[PDB]
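Next up: a single chain in structure tokens, the form deposited in one PDB entry.
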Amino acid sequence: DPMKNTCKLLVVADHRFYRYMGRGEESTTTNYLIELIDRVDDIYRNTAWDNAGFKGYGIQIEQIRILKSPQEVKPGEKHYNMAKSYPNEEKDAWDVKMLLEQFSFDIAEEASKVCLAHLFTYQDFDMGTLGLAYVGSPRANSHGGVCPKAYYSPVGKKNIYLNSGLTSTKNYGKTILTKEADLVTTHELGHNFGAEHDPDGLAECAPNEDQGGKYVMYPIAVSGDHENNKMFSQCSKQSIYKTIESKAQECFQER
């Protein structure tokens, strides 16, 4: 359906994001995330995934959750919104893969109702990481990315969906730029949409500075200073195209 062209999102701002990006203000936090998703959406909507008319596909916020305080946790338990980081309390942040997995566990019920769930946090993941996301696929039985397609979890007694990704706006002990934060989320969502990383070489999927620079699925974060930086490469387009055409009827909605 040119009609079923929108991937509805559950956007979650944890207590950390609320505090450090939102000024402890619900209005400020909300507005930041509404505006960033809208800027990301401009990128997606204007992309012609088949280099022709397969365009107008993007993202909309369906629900926003602002977690104003950390989740109180009993000894031995864990929650993605807890005060301490996991597994190592001394670090500024969680292990990123474990936080993505934890997020997907704790928000499973709400994630089952949307196309994708995305966590916005403010924590300095080790070694320069900015975000993470499960990769989508056109495969019928695909577990990952767009469209909730359950994994049963013995421990929780319920269905969990890997239709999730996360973005941190802290890196290297600073708040990243607004243009950088848009590129993180674009990139993570891009995975959810079916894209892998752009490779270097003959493929034309990682151009030189003189030709517009790298595309948004480059594995090494693009600056956002170059022309291609906010766009999707051909490698990304082939992958996402295949995914959207197979999954849009299943879980995309009207804008």
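Superpose the two forms; the largest set of C-alphas matching within 1.5 Å is the rigid core. Residues that one form lacks are left out of the comparison. In this text, residue numbers run from 1 along the sequence as written.
Colleague: What stretch has the higher average Cα B-factor here, 18-26 or 234-242?
Modeller: It is 18-26.
Colleague: Can you let me know which of the two, 246-254 or 3-11, has the higher average C-alpha B-factor in the entry?
Modeller: Going by the record's values, the stretch with the higher mean is 246-254.
Colleague: Choose from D42, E35, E188, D210 the residue with the greatest Cα B-factor as stated in the PDB record.
Modeller: Answer for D42, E35, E188, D210: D210, with the highest C-alpha B-factor.
Colleague: Tell me which of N163, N141, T121, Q102 tops the list for C-alpha B factor in the record.
Modeller: When the deposited C-alpha B-factors of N163, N141, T121, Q102 are compared, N141 is largest.
Colleague: Among the modelled residues of its chain, does the C-alpha B-factor of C147 lie in the lowest, middle or highest third?
Modeller: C147: CA B-factor falls in the highest third of its chain.
Colleague: In terms of the chain's CA B-factor thirds, is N31 lowest, middle or highest?
Modeller: Middle third - that is where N31 ends up once the chain's C-alpha B-factors are sorted.
Colleague: By the record's CA B-factor, is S223 among the lowest, middle or highest third of residues in the chain?
Modeller: Tercile = middle for this residue's CA B-factor.
Colleague: Where does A206 sit by CA temperature factor within its chain: lowest, middle or highest third?
Modeller: Middle third.
Colleague: Going by the CA temperature factor in the PDB record, which third of the chain does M98 belong to: lowest, middle or highest?
Modeller: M98: CA B-factor falls in the middle third of its chain.
Same protein, other form: the form deposited in another entry, not shown, and the subject of what follows.
Colleague: With the two forms superposed on the core, which of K158, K84, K179, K174 shows a CA shift of 2 angstroms or more between the shown form and the other one?
Modeller: Once the cores are aligned, the residue moving by 2 Å or more is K158.
Colleague: Examine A52 after superposing the rigid core and state whether its CA is displaced by 2 Å or more between the shown form and the other one.
Modeller: No, shifts by less than 2 Å.
Colleague: Superpose on the rigid core, then tell me if the C-alpha of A203 is displaced by 2 angstroms or more between the shown form and the other one.
Modeller: Yes, because once the rigid core is superposed, the C-alpha of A203 moves 2 Å or more between the shown form and the other one.
Colleague: Considering only residues modelled in both forms, extract each run of at least three consecutive residues whose CA displacement is 2 Å or more throughout between the shown form and the other one after core superposition, in sequence order.
Modeller: These are the shifted runs between the shown form and the other one: 153-158, 201-203.
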